[PDB]
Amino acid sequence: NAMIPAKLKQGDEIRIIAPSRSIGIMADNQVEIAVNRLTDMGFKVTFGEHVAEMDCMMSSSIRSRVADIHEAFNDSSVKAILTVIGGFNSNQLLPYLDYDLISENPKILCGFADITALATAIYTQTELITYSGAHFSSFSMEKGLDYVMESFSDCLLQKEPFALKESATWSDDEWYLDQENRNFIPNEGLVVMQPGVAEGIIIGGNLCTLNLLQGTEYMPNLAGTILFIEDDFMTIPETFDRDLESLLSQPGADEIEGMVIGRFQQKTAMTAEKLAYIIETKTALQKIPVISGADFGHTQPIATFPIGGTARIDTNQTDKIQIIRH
């Protein structure tokens, strides 16, 4: 069964790697804040040897990112690994990873969006539980951050079940470019789209990214899972639909226990009607409960949750999402 890596504790070292886009797209100023932020939380922050390498795709070579990953896992002082930022190409690295090395060195790996690929592949090949959550760059956000740290802390510094609470406010701002002028919005809350109750193994993160593992070794079976699914502003409802239909045609999809969907960005123009239409036409979702408007995805603020950890959904309760194993 699944390996829960040791929770972080004060003084632990945290390694920053860039398996997707280069730390070079972050301004010197942003780096400083995130460093200090995690340092104030009580951690030695260190950086992979190649984080700053940059090519024409704003990323770096396969061999470089692979090495930073292996070093990070092989270094025993490192208790958690944080990705710099997402991007597009972490799926390139999958064939080249020493999964024996990784399973021999269980520890936290956390990041989201493109990192879904890497994180999911490591769970499926290794059974190490990984995390969909804050990037390193996530901690460079001056306003609204409290929720991020609280969920990051609930998930990674403590071990008891916790609830994926609804934020009080949420936003959809390009905050790295403008940090003072933000637009927090009262969170109208989660939205029950299909009622029910269930319990299961957590799979998901970024939908179009998880699609990429379909037909590979690295794809997890979906039997007995709660799906936590999200996508960014590039997806429109029609692309979300086709990408979801694809996911729900994969092995184990007949036996999905439920789904939680993260808040969409504004440009996606997802509406309640469209989302309802999309879900209502999916066969594998017919009986199980489904929620939308959760605090993970590309809006602020994000939670941090385990891929390969367990959850319970109860639509009648106030706190609808409970994380149990994590």
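Numbering starts at 1 and follows the sequence shown.
Two stretches are in play, 310 to 318 and 16 to 24, and the higher mean C-alpha B-factor belongs to 310 to 318.
Relative to its counterpart among 59 to 67 and 37 to 45, 37 to 45 has the higher mean temperature factor, C-alpha atoms as listed in the PDB entry. Between the residues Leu244, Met219, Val197, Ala119, it is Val197 that shows the highest Cα B-factor in the PDB record. Of the candidates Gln30, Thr299, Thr268, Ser292, the PDB record gives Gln30 the highest C-alpha temperature factor. Annotation for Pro95: CA B-factor lies in the middle third of the chain's modelled residues. Compared with the other modelled residues of the chain, the Cα B-factor recorded for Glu150 ranks in the highest third. Compared with the other modelled residues of the chain, the Cα B-factor recorded for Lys274 ranks in the lowest third. The entry lists a Cα temperature factor for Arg263 that places it in the lowest third of the chain's modelled residues. For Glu230, the recorded CA temperature factor ranks within the lowest third of the chain's modelled residues.
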